[PDB]
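> Residue numbers (the deposited numbering), protein chains in the order written: chain G, 1 to 273, 282 to 307, 312 to 439, 447 to 492, 497 to 556; chain I, 1 to 273, 282 to 307, 312 to 439, 447 to 492, 497 to 556; chain H, 1 to 273, 282 to 307, 312 to 439, 447 to 492, 497 to 556.
From the three backbone atoms N, C-alpha and C, an ideal C-beta is built for every residue, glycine too.
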Amino acid sequence: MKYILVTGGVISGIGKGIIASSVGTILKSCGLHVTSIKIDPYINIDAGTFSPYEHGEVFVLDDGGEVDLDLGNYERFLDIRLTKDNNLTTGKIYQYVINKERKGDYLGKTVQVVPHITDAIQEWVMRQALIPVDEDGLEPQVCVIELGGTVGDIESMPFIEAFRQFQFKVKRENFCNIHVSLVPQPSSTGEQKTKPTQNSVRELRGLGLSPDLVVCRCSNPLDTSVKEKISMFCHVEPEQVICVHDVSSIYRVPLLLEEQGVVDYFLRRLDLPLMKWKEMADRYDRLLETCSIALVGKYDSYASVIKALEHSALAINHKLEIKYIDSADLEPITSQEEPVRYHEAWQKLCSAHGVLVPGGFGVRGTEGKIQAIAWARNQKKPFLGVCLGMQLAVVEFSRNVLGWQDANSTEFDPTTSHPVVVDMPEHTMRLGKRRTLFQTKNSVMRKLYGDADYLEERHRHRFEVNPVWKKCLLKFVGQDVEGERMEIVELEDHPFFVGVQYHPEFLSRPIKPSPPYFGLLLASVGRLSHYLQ
Amino acid sequence: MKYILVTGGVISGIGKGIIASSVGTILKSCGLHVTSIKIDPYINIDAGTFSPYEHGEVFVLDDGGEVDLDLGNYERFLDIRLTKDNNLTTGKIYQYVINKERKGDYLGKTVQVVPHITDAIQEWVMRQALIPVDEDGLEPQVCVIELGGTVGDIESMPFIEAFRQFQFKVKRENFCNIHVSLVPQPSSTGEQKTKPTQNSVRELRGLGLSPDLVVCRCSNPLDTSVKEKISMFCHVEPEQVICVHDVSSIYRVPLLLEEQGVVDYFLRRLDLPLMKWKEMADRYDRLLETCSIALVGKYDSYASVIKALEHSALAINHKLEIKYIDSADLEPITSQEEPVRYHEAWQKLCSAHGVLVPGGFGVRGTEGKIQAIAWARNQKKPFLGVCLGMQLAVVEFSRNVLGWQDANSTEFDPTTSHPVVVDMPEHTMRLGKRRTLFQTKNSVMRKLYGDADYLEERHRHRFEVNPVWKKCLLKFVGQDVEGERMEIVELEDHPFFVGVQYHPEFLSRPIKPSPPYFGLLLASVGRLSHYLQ
Amino acid sequence: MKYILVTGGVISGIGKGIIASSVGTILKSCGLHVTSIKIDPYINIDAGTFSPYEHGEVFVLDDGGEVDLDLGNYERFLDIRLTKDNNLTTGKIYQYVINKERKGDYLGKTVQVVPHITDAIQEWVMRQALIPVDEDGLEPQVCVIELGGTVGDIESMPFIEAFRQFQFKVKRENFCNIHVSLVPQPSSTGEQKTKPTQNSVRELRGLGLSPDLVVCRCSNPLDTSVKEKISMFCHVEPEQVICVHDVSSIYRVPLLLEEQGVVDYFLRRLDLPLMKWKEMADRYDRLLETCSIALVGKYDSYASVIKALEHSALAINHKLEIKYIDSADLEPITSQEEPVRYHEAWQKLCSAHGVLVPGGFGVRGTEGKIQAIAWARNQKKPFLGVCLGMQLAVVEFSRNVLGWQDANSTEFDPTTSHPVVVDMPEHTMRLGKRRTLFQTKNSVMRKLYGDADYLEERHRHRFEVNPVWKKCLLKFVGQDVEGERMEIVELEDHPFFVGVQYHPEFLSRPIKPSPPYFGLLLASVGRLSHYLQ
Ligand SMILES: CCOc1cncc(-c2ccc(C(=O)NC3(c4csc(NS(=O)(=O)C5CC5)n4)CC3)nc2)n1
Ligand SMILES: CCOc1cncc(-c2ccc(C(=O)NC3(c4csc(NS(=O)(=O)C5CC5)n4)CC3)nc2)n1
Ligand SMILES: CCOc1cncc(-c2ccc(C(=O)NC3(c4csc(NS(=O)(=O)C5CC5)n4)CC3)nc2)n1
Ligand SMILES: O=c1ccn([C@@H]2O[C@H](COP(=O)(O)OP(=O)(O)OP(=O)(O)O)[C@@H](O)[C@H]2O)c(=O)[nH]1
Ligand SMILES: O=c1ccn([C@@H]2O[C@H](COP(=O)(O)OP(=O)(O)OP(=O)(O)O)[C@@H](O)[C@H]2O)c(=O)[nH]1
Ligand SMILES: O=c1ccn([C@@H]2O[C@H](COP(=O)(O)OP(=O)(O)OP(=O)(O)O)[C@@H](O)[C@H]2O)c(=O)[nH]1
Ligand SMILES: NC(=O)CC[C@H](N)C(=O)O
Ligand SMILES: NC(=O)CC[C@H](N)C(=O)O
Ligand SMILES: NC(=O)CC[C@H](N)C(=O)O
Ligand SMILES: [Mg+2]
Ligand SMILES: [Mg+2]
Ligand SMILES: [Mg+2]
């Protein structure tokens, strides 16, 4: 193959996944088919168990892989569709080796981290690099592998040991390594402190990996002296020391790496055979008009959602002002303890141009989301409900229009006489890519989806709308292939009141915002009336 | 509790398991109930898959735990009966944490080696320390934990990190640490080189453990200067620097540790409330007569077997000269390529005073073991067959006495018309402690077992004697509680020709040799005729 | 240049200096001019302060460099003459950098170990590699650099960091690295334990050096499996894994490395443009006759002396049986406490074929050396006194022949009325290469020195023979160019009673034993009478 490893140096959060994604879009702009792998040094088999305050926004792949948000960054910088196993973990690789041991496949020998786990990592990286994850069935010409976390933590050591072997298993023309470090600039000092980068690259070389590129996460751009000091103490050429500094938009991060010569480097270094990103950045920096959108949440947990709104905003040509609202502040209980939280949350929601009610589980914020959907009905503010927001729209309709004031989910109040959304597992979770059929032409949503008869979108839910109560209910315009499951709902006599049972955000790209997020943004600025025209 | 960790320094093989066992017998001689745990930094769930050339002699516990030979050293130095989970491994602890993660028991948080695996290790060590593994149901007053391998290998790091926490979770009076190092004395140098011990203890302190005792595996005793240099560079008191040197018998190893003051140290250091070992050593060193016993093997793989013979030898008051014979050298095929191997193997077998035919699996040495049992029949040399040796005695009888010249196992020749031993799994492997009933009084074996109606012994086999052919066959004196399975066989008109289907060696102690190994040793020196009298 | 670094792995003493010397003689046999450097990670500026029980036998170079014995191994395997600075130390390099800092030569910047000390090491290694230390003024084509001690000790870290830079300063064709490890084979285990080699090479790679060759100091030869395991865990080709095992003579160590293919490796690896050692080994292994030589010492401290005797032995074609005698056991004081030591020491001295009385300082053994020279006079056993042994021969003559029974040195009894050897510093120590003139033809020593008018030999003393008492004294056949200092003495009417004030051993080679050591060996077997004939 051709491999680029991307290792983290000093801390997480420093945009290493944006660097990996930017390097992938740079390679793709060179005419290469490109795949990507995230290694997460946790013991978890997939992210499908995280409370979103830790490793927030589990991104759901077509196969039902509940993976880290960086896999979603890969799908948005590169036109790819990944599999579960593009998220590698210690849980997955140790369980693989343990099951393979119990099978007797290791032939009655000792099994131990070196070699056998570090072999298994290389086997995995070889497998997932061959898979044509790109928008055509042609084999990837390069694979960008990101090692999550910081090097020299106990969990990251097996993977660096595997890559230390890998660079001699495949030849050096087939394996490059980027180190993404931090160069802090303290309030206490004003200097750009290279010391952590030196010690991190010293540690990485102790684990037997050189940086071929040293990418410094700077705030403000590096001085020449600091770049030279990094080049010296990392024992690498200045041309291979990159600063990624603070820039006006995400769209400039590939352009900065381009300017920094990484394209030219990888072309020679791997012996290989962004004008839109200029436009997207320059377009963003000249958006004079604005749209204000309420996001009524519970939980970074809405990373894909925020990005989908920003794609939609860039496409309508407005700035976006996301009014982040805790849905538990909108609940009347908060007015008893902290009326300041209540009245700030309701000033936010009421001044919005439209509302977004994203997915989740558990009782927190449920009556607040039902009230934010109520506000969307009676004030006629444009509404999108995503996954849970759809279910709560059936609840809010039922309570006010049908007078079923008790009505709820079987999750939140199982004692209710009108369970209008019920537990309905797959005959497991409705998890991954399902096909929804549009049951009609009387849908703005169908027209936003290009007037297509069907769409295929990633779901992540156990509950569905009750088919008994459906007869009384609120036009369920999108339904599954079985007709068992309601997957898009649209309310009559409203500018834009849509529930989608799936997660549109997972298939939003800058070049193609998801049509429910686009329709919401278009509706909130009135421009939907010109779009459908 | 009270805990003593025992860590390995420079290499394996240096008798760390003998030190742990000796420290346990020293503690037991202080009137303490004592348990023990082996940690093996391999990914294997139990040893029940090893080809015995790697981590040789899988010792089978009462519960069917196929564990490392050091668990068997614990059962022979201390009057204890262990469980599977007294052998801890990375495979067991990672699989525990992974299953616990998949259960959601880690409450949707990240799971990672520190803390969660290092917690799980401490939980395990707390559980297995409370279990009364001793010959009475009273709780262990101290637990000797052995860490297998050398410290600062990638697999041993989680366990040392766990013990680094543990010493502050329980108080320092509850946790002591011994480091077992090597002090090499090269042919190239003649000096006792302390440098590896210094660097090993430097490394161990980098992992946050001090040696409370430094045990030097010496060849020849340490000089004063070398002990002082070790005390200096390990930064510990000379009284806490121990030499375990080469000694005439295993029985002197507790006595050397006693002389070295470890008893007195542990009494004060853990705030706690060997005369037989003098006798056993002094007895061994005055055995003027000898017995020569053939061990016809395939595979250290016979560690328990060799020890059981040596207990039996010490009890009859003879030295033992074990004629180690590869059973594939006795096969006529070896006479075509290497007649030197054949004739040396047959000089060994024929000059023996008795023969032992120990357990195993696969076709290697099977016709050689059948011929060594044939030699035992026709020359009337005393024979014990253990596990497989019993099955091959039914085969050898069938071939010569019944004229069923084809006869074999369903393992070795499944096409045979007389499958006299057949695959007969438990309605799994017959693995662990089963009760055998003696079906008669016409057994020397019953009388060696104290004239008891039953015995309980550890088995490890899938195959059993065919109950159809049994009617023609060779007195099956020991049978299971169901009468389905033949578990001891005894041939008439022979001094001592016994097959046992179990492994007697696993329940041999110096103070009580297993009666089939004792009866064999007694028979080979003729003394059985005085014993049964 | 071309550089070969030789690093130590597990312990010292394992013959790393013999490997460096053997590699140098192999390179020299390829027609290359070769120099060598020893780095000793001690804080001492030269070895000229060590009590010879620590880093024994300070070897004195032509310039007066009191250096480690490995510099003397270089001069005996390779026809070279080294300078002080071929022994590099932390004391020398830190003092260099400190003086250079105090000079302001570092231009008011910070000075710190990396870069500035690690620069200074490379500067030193560049300087000393250019010096034609060979027997002709032609520049060295390769430099073998030995790093003393074990890698990953705090003192060795600057040097490995320097070589980690050096391999990228000069190109990889100019820099190769050998790792000399130990593979122990314990009495406790019988296996050849590769684990320390794995961990040592793991540590070395953490410091950023690969072994290009892994040299295993074996006792018995490596098995194939152990070599393969080393090749695997050191991540290097089997052809580059060398065993140096126990062999019958020093002369076979280059031949074993030759057989192991290191010549062929270095030729390709460094892109470069032993039949006598067959002969010397095969000659040694067929010496049927023997010579027994008394070495009367105080203090490995006599390494050069023992080697010089063995060159002389090989040249006369006898084995050598060196009777190592502590000169303090010969003193009558020892007969009062330990008559066993006295009578064993005097059985040794009296049964010898000749005696050697080597250099030293301080009062220990002085009356014993005077008595061993007395025994040489009155029994007519052949005597060589080296440095101090000469001075004590003037004392022993004075006491018995002149009746000056008080007589001694000003070192040992400054109150004496006949100070026959006196403190006589250079108008400092008489240290390094001085020219001695033979004052006559009435000398066997002159004839052994080829009948030359002068010789040039390395001295290391402050005391000299008193020119007042000289008039009464014992033919001082060798004197300095000034006539001030007596440098060789020869007693009349004796087979061979010679004192030399210098150290002949420092210029002994296998191909050319030093003539006083050769004359002594010839005398002790009577063969001198045929040699001078
Ligand atoms: C090493 C990184 O260094 C630096 C340095 N300076 C700045 C940033 C930076 C990081 C994140 C963001 C960000 O999140 N911006 C938003 C957005 C819109 S679209 C999208 N991402 S996306 O959908 O994958 C699409 C690209 C393919 N993000 C509005 C929400 N904006 C700037 N990153
Ligand atoms: C740190 C250890 O240092 C040293 C230093 N010097 C020597 C030994 C040494 C090691 C093993 C052996 C050995 O195996 N000997 C035999 C035997 C009989 S009984 C038994 N062990 S046993 O059944 O557990 C019983 C005790 C409870 N072993 C004959 C086979 N003999 C000596 N160990
Ligand atoms: C990695 C080394 O591995 C092994 C493996 N096996 C054996 C040896 C070994 C080491 C030292 C000795 C030794 O010292 N022998 C003597 C001698 C005579 S000449 C001389 N050395 S010398 O003068 O420099 C001359 C050569 C240029 N030494 C008699 C005193 N003999 C064998 N070394
Ligand atoms: O308080 C003091 C005094 C002196 N020094 C000396 O300064 C040297 C540099 O220590 P720094 O922490 O300044 O590191 P650096 O220059 O490599 O990296 P940044 O500043 O960009 O973070 C050290 O190696 C030590 O000799 C200190 O570190 N701190
Ligand atoms: O007590 C035990 C049990 C098990 N093990 C397991 O054995 C593995 C090998 O540990 P060794 O110390 O046997 O190392 P090695 O085979 O690489 O080298 P030598 O024997 O030649 O010195 C370890 O990684 C661990 O899983 C032990 O080390 N020790
Ligand atoms: O070749 C040489 C020359 C000098 N030295 C110097 O010797 C010092 C001691 O290095 P050693 O390896 O002799 O260690 P030690 O004395 O602590 O332990 P053992 O001998 O008992 O194994 C080192 O710290 C270094 O300064 C060497 O190690 N090797
Ligand atoms: N993805 C979500 O928003 C989940 C919604 C709801 N808890 C369900 O399981 O259907
Ligand atoms: N424990 C053994 O000796 C095994 C014997 C035989 N292979 C069986 O499985 O019964
Ligand atoms: N080199 C030696 O043997 C020293 C001899 C004596 N102590 C002197 O200084 O002259
Ligand atoms: Mg600084
Ligand atoms: Mg030492
Ligand atoms: Mg091993």
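Can you find the residues in the same chain that come closer than 7 Å, C-beta to C-beta, to H:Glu-239, ignoring five residues on each side of it along the sequence?
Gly-261
> Taking the Cβ atom as the reference point for each residue, do I:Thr-118 and I:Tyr-42 lie within a distance shorter than 9 Å?
no
> Tell me whether H:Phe-266 sits in a helix, a strand or coil according to DSSP, three-state version.
Of the three classes helix, strand and coil, the one that applies to H:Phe-266 here is helix, per DSSP.
> Could you tell me which residues DSSP pairs with H:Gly-377 in its beta bridges?
According to DSSP, H:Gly-377 bridges with nothing at all.
> Can you confirm whether the region 43-61 of chain H touches the region 99-109 of chain H when touching is taken to mean that 3 or more C-beta pairs between the two stretches lie within less than 8 Å?
no
> Can you tell me which of the three DSSP states G:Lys-498 falls into?
Note: G:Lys-498 maps to strand in three-state DSSP.
> Hey, quick one: how far does the alpha helix (DSSP H) through G:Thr-25 stretch, first residue to last?
Following the DSSP letters along the chain, one finds G:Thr-25 inside the alpha helix (DSSP H) bounded by residues 16-29.
> Could you spell out where the beta strand (DSSP E) holding I:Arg-454 opens and where it closes?
449-457
> Looking only at its own chain, which residues have a Cβ that is under 7 Å from the Cβ of H:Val-114, when we skip the five neighbours before and after it?
The beta carbon of H:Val-114 lies closer than 7 Å to those of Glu-161 in the same chain, with the five residues before and after it left out.
> Quick check on H:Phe-159: does DSSP put it in helix, strand or coil?
helix
> Relative to ligand 1, is the shortest distance from any of its heavy atoms to the C-beta of G:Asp-246 smaller than 8 Å?
yes
> In three-state terms, what does DSSP make of residue 494 of chain G?
No coordinates exist for residue 494 of chain G in the structure shown, because the numbering of chain G passes directly from 492 to 497.
> How is G:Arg-532 classed by DSSP in three states: helix, strand or coil?
strand
> Assess contact between the region 120-130 of chain I and the region 66-74 of chain I, defined as three or more Cβ pairs (one per stretch) separated by less than 8 Å. Is contact present?
no
> Using a strict less-than 5 Å threshold between each residue's beta carbon and the heavy atoms of ligand 5, what residues do you get?
G:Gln-112, I:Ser-12, I:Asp-40, I:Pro-41, I:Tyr-42, I:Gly-148, I:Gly-149, H:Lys-193, H:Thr-194, H:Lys-195
> Can you list the residues of chain I that G:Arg-102 reaches, using a CB-CB cut of under 7 Å?
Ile-45
> Does at least one heavy atom of ligand 12 sit under 8 Å from the Cβ of I:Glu-505?
Exclusion of I:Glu-505 from the 8 Å shell around ligand 12 follows from its C-beta lying no nearer than that to any non-hydrogen atom of the ligand.
> Can you pull the chain I neighbours of H:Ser-249, defined as C-beta to C-beta under 9 Å?
Neighbours of H:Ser-249 on chain I: none; closest Cβ ~14 Å, over 9 Å.
> What residue range is occupied by the uninterrupted alpha helix (DSSP H) comprising I:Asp-40?
Careful: I:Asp-40 lies outside any alpha helix (DSSP H), inside the beta strand (DSSP E) at 34-40.
> Taking 9 Å as the cut-off, decide whether the C-beta atoms of G:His-179 and G:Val-214 are in contact.
yes
> From the DSSP output, in three-state form, read off G:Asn-86 for me.
helix
> For a contact defined as C-beta to C-beta under 9 Å, what are the partners of H:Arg-269 on chain G?
What H:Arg-269 touches in chain G: nothing, since even the nearest Cβ is about 17 Å away.
> Is any heavy atom in ligand 11 found nearer than 8 Å to the beta carbon of I:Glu-228?
no
> Can you list the beta strand (DSSP E) stretches of 3 or more residues lying completely in the region 184-234 of chain H, in chain order?
Considered as a whole, the region 184-234 of chain H harbours 213-217 as its complete beta strand (DSSP E) runs of no fewer than 3 residues, in chain order.
> Give the residues of chain H in contact with I:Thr-189, contact being defined as C-beta atoms less than 8 Å apart.
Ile-11, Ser-12, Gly-13, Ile-14
> Answer with yes or no whether the minimum CB distance from H:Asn-73 to chain I is below 9 Å.
no
> Distance cutoff 9 Å, beta carbons only. Does I:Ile-98 sit that close to anything in chain G?
yes
> Taking only beta carbons into account, state which residues of the region 57-82 of chain H come closer than 8 Å to chain G, listed in chain order.
none
> Quick check for students: name the residue ranges of the beta strand (DSSP E) that lie wholly in the region 329-390 of chain I, counting only runs of 3 or more.
Within the region 329-390 of chain I, the complete beta strand (DSSP E) runs of at least 3 residues are 331-338, 366-369.
> If I'm right that G:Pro-211 touches G:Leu-204 with Cβ under 8 Å, what's the distance once you round it to whole angstroms?
7 Å
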